[PDB]
Each structure stands twice: as C-alpha cells, then as structure tokens.
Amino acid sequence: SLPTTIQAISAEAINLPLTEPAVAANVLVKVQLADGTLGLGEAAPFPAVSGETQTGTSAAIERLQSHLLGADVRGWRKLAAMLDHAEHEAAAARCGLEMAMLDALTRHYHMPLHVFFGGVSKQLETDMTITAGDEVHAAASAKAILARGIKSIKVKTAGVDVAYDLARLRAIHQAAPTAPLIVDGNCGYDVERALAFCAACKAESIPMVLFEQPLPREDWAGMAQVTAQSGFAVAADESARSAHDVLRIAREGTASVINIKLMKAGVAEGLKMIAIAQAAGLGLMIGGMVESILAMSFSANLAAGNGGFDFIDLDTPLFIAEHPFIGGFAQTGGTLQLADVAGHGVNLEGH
C-alpha cells in the first residue's frame, strides 16, 4: 500500500438535464488513491444504433473494479491495456476509468494534464452547434452564436435533400458572414449528393471549412472519393473509432481530418490515433458525445497539451442545464481557457 495504490473505485449514474435536444444519462467515475488524492472521469454512452447504455456502462465499471483495486495507478498504461483486453466493447466505461486514473496520477504529482500531454497551449477556440428548427430558426441561431463571441459554427445536416441542406447553409452564411462553417453530414449523403453539395458551396463561395462524415462508415471508397475530389477538408468521425481505422484512413485517403472522441476509443487508443494522424499529415479535430464539463475538460487538456488541433468542437457544456461540477476549463465567448491546476481541474461541488 503506497500513496498511489487504488483503494477505492466508485461509479454512479449522473442524469444531466439539457436545454434543447432531454437528459444526458451519463456515469461519474471516481478513483481514490491511498494518499487521498481523488481522480474523476466521466462515461457518456450514446445508444444510437449499436450503442452503449448508462446501465450497461455502470455494470461494466463494477466488473472492471476487481481488476484495478489494489493496483498502482503508476502503471496507468498497463492498466488501460488490461481494461481494453477484458472489456473492449464498453468504450465509454473504459474512457471514464482511464480519465479517472490519469486525473489521479497527475493530481498526485501536482501536474496539469495539459502539461502531461505536451504543454503546447492553455487555450482552445471552440465552435458551437446549430440545433434544428427550419431555415428561419437556423439564421437566428447563427446570429445568436456570433453574438456570444464564438468565431466558428457547426451545422448538422441530414444529407437526404441537397436543396434543403444548401438552403439552410445559405441562410446561416448570410446571417453569420465571417464565420468558418463546419458541416456535419452525419452519414446522410452519398457521393453524388456530397459532391453536388460541395460544388454548390464552392460556386456560391459558402465558407464550409470542414465536411464532417458525409457518408456512412462502410462506404470507404465513397468517403475517399469525396475527400479526393470535393475541394473541401473531410473529417472522419464514425470511420475513425480505432488506431487501425486511422491507419486505413491515412492509407486510402478516406478523410483528411480525424475527429478524436475519447469516449469512442478510450484515451490510450486516442493517443495512438493522434500520432498516426499527425504523421500522416491529417488534420485533428477534438469533439465528444453528450458530455459535461468533466469529459470535455479532459479532452481540452489533451487537445491543448498535445497541440496541432485545427478544429475544436467542445460545446456541449453550453447545452447542459445543470451538473454537480466545479472548475475545469474557463469559457469566455468561444475561448476555452485552461489553468495552472493539477489534473483536469474539475471537481465535485461541496454542500
């Protein structure tokens, strides 16, 4: 039993109410070291299609408890590997556990997580996402985002109707003129619809700076074709769930940018995807699922600490109505500001 032994692992459901979708059914992970330093991680399972649940996630963390109790948090990378070998499919569970262990490690040695990952910056500039409505409400959202002091915006499109999608973009670009536009196609386009969408954006000089996952993951060839021909930077999200995916992307030119979501791969795997990306000269985006200031501030500590991320998409704290946390990043406008604080800097409220 030395100061960095794990004597306590606990997981509890956290249901965080949202402003406009209803609840982020997430899990708070706590690891406690023998010296009393506490590390916090968050699991955010998103059950779309073949997904994980809050209930399945908590149960996975309870199963993984016996594998970490009594172990030295100092073997963080070894422990991350054995979690992945025992419970690969519970990505959100392993992410929260990895976040917690690293938080504990760095808080123990009094080191900021952004310094542990590289120390390049203490500041990120995030976009903000437009909800839905119609063409009228999207123009109003575009104006509302830029009035908050946020430079770039993210828009979700359905991809089934090029004409409607374009009309939404026109409005948004007209309403918010100096905003770089990141467009999340959410696997909805095919090659023809993606190319025709891009061609029109170019023709109208619509400032899309990223076309995010326009096609389904399985259309590897189509993804590559859009990447090669469209004249826009393309991001891989669903196509990028592992380091193996990222090697494939680099090889086939599947996309030109990787959206890292630590919730989907875990931390150690995400670290390898970053290094593959940077060495292939792919751009890096950092995003998340429906996550509180906890998981988001961890992701922010990595993006800022590593360096080299051109796209920051860490805006879900602005959509959470309330939560039990203090600290983390400090947002002013679209600027996320990090501090001379050990770990990720997010803590639980007192009273």
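Position 1 is the first residue in the sequence shown; the rest follow in order.
Unmodelled residues of the deposited sequence between neighbouring positions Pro21 and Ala22 number 4 to 9. According to the PDB record, 60 to 68 carries the higher mean C-alpha B-factor of the two stretches 282 to 290 and 60 to 68. Looking at mean Cα B-factors across 44 to 52 and 22 to 30, the upper value is held by 44 to 52. The entry lists C-alpha B-factors for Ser239, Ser121, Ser256, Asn259, and the highest of these is at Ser121. When the C-alpha B-factors of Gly133, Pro112, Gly75, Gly270 are ranked from the entry, the top spot goes to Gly133. For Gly327, the recorded CA B-factor ranks within the highest third of the chain. Only modelled residues enter the ranking. When all modelled residues of the chain are sorted by CA temperature factor, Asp245 is found within the lowest third.
In this PDB entry, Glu87 carries a Cα temperature factor that places it within the highest third of its chain's modelled residues. Remark: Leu16 belongs to the highest third of its chain, ranked by C-alpha B-factor as recorded.
In this PDB entry, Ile9 carries a Cα temperature factor that places it within the highest third of its chain's modelled residues.
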